[PDB]
Structures are given as structure tokens and as C-alpha cells.
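The block underneath contains the structure these notes are about, expressed in C-alpha cells.
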Amino acid sequence: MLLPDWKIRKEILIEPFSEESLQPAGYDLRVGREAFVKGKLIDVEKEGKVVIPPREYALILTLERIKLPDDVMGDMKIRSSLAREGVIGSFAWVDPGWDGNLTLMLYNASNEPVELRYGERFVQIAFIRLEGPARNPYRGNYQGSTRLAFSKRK
Amino acid sequence: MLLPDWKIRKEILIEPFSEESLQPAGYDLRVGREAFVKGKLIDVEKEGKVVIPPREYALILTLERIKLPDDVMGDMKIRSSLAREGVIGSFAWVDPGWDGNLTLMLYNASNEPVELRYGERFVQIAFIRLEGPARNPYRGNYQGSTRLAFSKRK
Amino acid sequence: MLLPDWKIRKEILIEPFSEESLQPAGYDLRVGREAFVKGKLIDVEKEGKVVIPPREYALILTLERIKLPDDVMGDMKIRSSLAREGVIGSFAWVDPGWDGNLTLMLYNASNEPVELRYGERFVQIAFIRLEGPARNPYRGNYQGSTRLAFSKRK
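Chains as they are written, first to last, in this note's numbering: chain B, 1 to 154; chain V, 1 to 154; chain H, 1 to 154.
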């Protein structure tokens with residue numbers, strides 16, 4: 001059961017929260033201070049921007065630290081306009097009880113560099129309420145992340 | 001809370017509506033009259049088809065004009081079979097209150113051209129009810145689009 | 001309306017079920033015995049693994065046979081860590097009433113091979129309840145699939 005815009009203000013910790021980011025049933029997460037492009041970490045705050053080269057993917061830290069209640073799933077989709085620019089998001093579930101800045105994979109499938117300003121809206125997260133609190137809210141190894149978090153699989 | 005097939009007929013404006021497109025909990029949007037492949041706009045109605053070249057993406061206008069109620073989110077996924085053909089969709093949220101034909105990004109990640117007939121089913125949109133109407137239903141710059149709509153970000 | 005972890009045990013047929021796969025609001029489907037990489041079928045059980053070459057996609061059979069009730073939609077997302085590794089999932093809806101092992105497209109958008117063990121968690125499926133049973137629960141040509149199922153579109 002999806003949180004409308006007005007329930008998102010009341011019911012999702014979004015820091016820092018941006019009014020222009022609030023969408024009818026979701027929130028435009030913004031480009032944060034960290035990215036990972038071509039094997040290199042980017043200070044997107046310093047550089048002012050992340051540039052996703054043609055046919056490369058970036059890992060982009062959300063500016064927003066997102067804290068989910070134990071009964072809410074974060075469902076993320078690329079901003080339409082980045083899709084229209086050839087960018088594919090590869091997003092995971094934002095598990096109930098998640099707390100942290102999100103590390104987001106965007107793949108520039110186009111032949112043109114795709115540039116995002118620091119603090120630019122790029123992923124709309126929507127919020128699905130669970131039928132009741134998750135028995136085991138998120139306690140995975142990315143919890144509390146405030147930095148670009150790479151794969152811990154290996 | 002997801003609309004089953006029977007609630008989709010009653011509760012989503014789908015024009016033109018196709019019975020073969022109605023799925024158990026979603027609707028197979030079909031390939032419309034416009035596409036954008038390799039920097040060029042395609043009259044998919046005229047050509048009869050869009051061909052997504054190996055390792056390229058296309059912007060495909062939906063044949064269907066979709067109008068969402070203010071309490072329903074459009075949640076889009078590639079048809080399974082296009083996924084099985086190497087095609088990746090990059091879809092945005094279809095925001096509550098959306099009205100228009102959808103511009104959809106499909107990336108042919110395969111090495112074989114992926115061809116879609118005009119009017120062929122290619123994206124199943126599912127419909128999530130919001131907990132209550134969005135306070136600010138969709139009023140973004142793509143509203144009412146009846147044509148391939150490119151990125152307005154810049 | 002999303003099934004929390006505890007409702008997934010009670011309300012989704014998952015065979016074989018793995019406790020480490022159960023997530024706060026979803027289940028980590030695991031890499032099954034079949035894959036399709038570079039035009040070739042892989043016995044992932046025999047090989048012990050599937051290797052997705054740089055910039056290629058694989059079709060991966062889920063280890064789990066998943067049976068959905070007629071009022072539940074399967075909503076699939078890549079494991080976060082595979083996203084962080086440059087992998088893009090292209091998933092369809094898991095339609096209500098689905099019964100079978102899922103054929104999943106993962107695209108390695110990275111320049112490094114992405115390897116998955118047989119039985120390794122790779123896609124978290126979440127379960128959205130429909131507002132009521134689908135009138136026509138899934139009866140498509142992939143129903144009952146227990147093998148990698150390719151595109152039947154043509």
C-alpha cells in the first residue's frame with residue numbers, strides 16, 4: 001500500500017529533505033557527495049557533479065540519508081528524464097528498517113556522457129507499506145551506510 | 001495495494017484498450033507510433049516496427065494513452081520475453097494522476113537486433129493504489145504527452 | 001500491500017526454501033542449475049557457477065520454484081551488491097498464480113566478469129498482494145517452467 005506525497009513527509013526520515021524532490025507518490029533522491037566512475041571514487045560535492053561516461057555505469061551515493069520504518073519498502077526507479085537520456089538504473093530493494101544514504105547504480109547506455117549535478121534529483125523512491133512490520137527489519141551489512149558502499153558479496 | 005486485472009478495466013483509462021494486453025495484475029502496454037533509435041525519430045506506425053540495434057537503446061512511445069487516478073501508481077516492467085531476449089527496460093514511475101502516452105526506454109543489451117511490431121506488447125504496467133490520493137497528483141512537464149517526450153532536464 | 005518476511009513463509013511456495021534468503025520484505029532467489037551465457041546453455045549445477053562476461057547478459061534459472069497465490073504479484077530486484085558490481089537486472093512481473101522457476105536476465109554492465117555460485121542469492125523478489133484475486137491468474141506459456149525458458153515471442 002503506497003505512501004502518497006503527504007504520507008511521505010510524515011512517515012519517512014529524509015535528510016536532507018527537499019520540497020522539490022517530493023513527488024505525488026515518491027521522493028526524488030538527489031545526487032550526493034560520492035560517486036564511483038571508472039574505478040575511481042569521485043568527490044561529487046567537490047567536483048560539483050558526476051559524469052557517467054558513455055556506456056559506463058556509476059555508483060552514486062544519495063545525498064539523502066533515508067530511514068525506513070519497519071513496515072515500509074523503498075521502491076526505486078530512475079527519474080523519467082534520465083531514462084529518456086539512455087540511463088538505466090539497477091536498484092535493489094530499500095529494505096524495511098533501512099537507515100542510510102543509498103548507493104545507486106546508474107548505467108549510461110547512451111553514447112553521450114550523462115552528467116548530474118551534486119544535489120540533482122535522479123532516482124524517485126516510492127514507499128510500499130508492508131502488511132505489518134517485518135519480523136526482522138533490515139540488519140544487513142550496508143545498514144547505516146553514509147558512504148558509497150561497494151559490494152560486500154565476495 | 002495492487003489492482004487485479006478486473007480492477008484495471010474499471011479503474012485505469014487505457015486508450016486504446018486491448019483485451020490481449022490485460023494481464024492478471026497488469027496491462028501489456030504496446031509499441032506505439034513513435035520511437036527514437038540512434039538519434040533518429042521513427043514513425044513506428046509507418047515503418048510497422050521499431051528495430052532496437054544490438055547494444056543500443058530505443059525510446060518507444062506507448063500506443064496506449066494511460067490516465068492514472070490520483071491514488072494509483074504505474075509500476076512498469078519489461079515483458080518477460082523481451083528480458084529473455086536481452087532487453088533491459090529503464091522505466092520511471094508512472095506518477096499518480098499521469099495522463100498520456102508513455103515514453104519508454106528499452107536497452108537491447110544483446111548482440112542481436114530486437115524488433116517490435118507497431119502495437120506489439122512490450123511493457124507490463126501494474127497499478128499500485130496509494131494509501132490515499134496524492135496531495136499533488138502529477139503535474140510535471142511530461143503530463144498530457146501524446147508524443148515521444150525527451151529529457152527536459154537540461 | 002507488501003508481504004513482510006513472516007507472511008512470506010506462510011504465504012509463498014518457495015522450493016527449496018532457504019532461511020538465509022528470507023529478507024525483511026522479500027526473498028533472495030538463488031542461482032539455479034541452468035544459465036544461458038553467450039549463446040550457450042550452462043549447467044550451473046555442474047559448473048558450480050555462472051560467469052557473466054563483461055558487458056554481456058545471462059539468463060539465469062532460479063534455484064527456487066516459486067508459486068504465487070492468485071492475489072500476489074512477484075516484484076523482483078537485483079541484490080544490492082550485484083547492482084554495486086555493475087549488474088543490471090531486467091526482470092518481468094512474476095504474475096499472480098505463477099508457478100515455476102524464474103528465468104532471470106542479469107546484464108553485467110561492468111568491465112569485470114561477474115561470477116555467481118550455484119545457489120548464490122542474486123535477486124530479491126518481493127510480494128505485493130492484489131486488492132483481490134486476479135480474475136485470470138497467470139496462464140501464460142511460461143507457466144510451470146522448471147527450466148530456462150527463452151523468449152516465446154516470435
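The C-beta atom is built at its ideal place from N, Cα and C for all residues, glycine as well.
Best match in the options for proximity to residue i [C-alpha to C-alpha]
i	options	result
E34/B	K46/B, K7/B, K152/B	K46/B
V44/B	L61/B, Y57/B, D28/B	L61/B
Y118/H	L22/H, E64/H, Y27/H	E64/H
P69/B	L13/B, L41/B, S90/B	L13/B
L29/B	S90/B, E112/B, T103/B, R121/B	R121/B
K49/B	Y142/B, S151/B, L116/B, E112/B	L116/B
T103/B	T146/H, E85/H, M1/H, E20/H	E85/H
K7/B	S151/V, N136/V, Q143/V	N136/V
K67/V	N141/V, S145/V, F150/V, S151/V	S145/V
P24/H	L148/B, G140/B, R147/B, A149/B	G140/B
Neighbour list for residue i in chain V, Cβ cutoff strictly below 9 Å
i	result
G100/B	Correct list: empty, because the minimum Cβ distance to chain V is about 22 Å.
CB contact check: residue i to chain H, cutoff 8 Å
i	result
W93/V	no
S81/V	yes
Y27/B	no
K10/V	no
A126/V	yes
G119/B	no
Per-residue contacts from residue i into chain B (C-beta, under 9 Å)
i	result
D71/H	Those do not exist, as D71/H stays about 12 Å from chain B at its closest Cβ, beyond 9 Å.
Chain B contact for residue i (CB, 8 Å cutoff)
i	result
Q143/H	no
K67/V	no
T146/V	no
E34/V	no
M105/H	no
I88/H	yes
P54/V	no
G48/V	no
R153/V	yes
Residue-level contact to chain V via CB, residue i, 8 Å cutoff
i	result
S110/B	yes
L59/B	no
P24/B	yes
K77/H	no
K40/H	no
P113/H	no
Whole-angstrom distance between residue j and residue i, CA atom to CA atom
i	j	result
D71/B	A109/H	33 Å
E56/B	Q124/V	27 Å
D75/B	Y107/B	18 Å
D95/V	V114/B	24 Å
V51/V	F36/V	10 Å
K38/H	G100/B	38 Å
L82/V	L59/H	12 Å
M73/V	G132/V	11 Å
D5/V	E15/V	16 Å
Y27/V	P54/H	34 Å
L41/B	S90/B	19 Å
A126/B	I78/B	11 Å
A92/H	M105/H	9 Å
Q143/V	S151/V	13 Å
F17/H	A149/V	44 Å
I88/H	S80/B	17 Å
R147/H	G32/H	9 Å
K154/H	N111/B	29 Å
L2/V	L22/B	22 Å
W98/V	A134/V	11 Å
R9/B	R129/H	25 Å
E20/V	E11/V	17 Å
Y138/H	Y138/B	31 Å
Chain H contact residues for residue i, given Cβ-Cβ distances below 9 Å
i	result
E131/B	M1, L2, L3, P4, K7, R129
Cross-chain neighbours of residue i in chain V, by beta carbon under 8 Å
i	result
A149/H	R84
Residues that residue i contacts on chain H, provided the C-beta gap is smaller than 7 Å
i	result
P16/B	Per Cβ cutoff of 7 Å: no residues; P16/B is ~23 Å from chain H at best.
Neighbour list for residue i in chain V, Cβ cutoff strictly below 7 Å
i	result
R135/H	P4, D5, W6
Could you tell me which whole beta strand (DSSP E) segments of length 3 or greater appear in the stretch 2-41 of chain B? Complete beta strand (DSSP E) runs here, min 3: 13-15, 26-37.
| Which runs of the alpha helix (DSSP H) spanning at least 4 residues fall entirely within the stretch 109-136 of chain B, listed in chain order? | If we require 4 residues or more, the stretch 109-136 of chain B turns out to have no alpha helix (DSSP H) run fully inside it.
>> Just to confirm the assignment: which complete alpha helix (DSSP H) runs, minimum length 4, are found wholly within the stretch 58-114 of chain V?
In response: List check, alpha helix (DSSP H) in window: 80-84.
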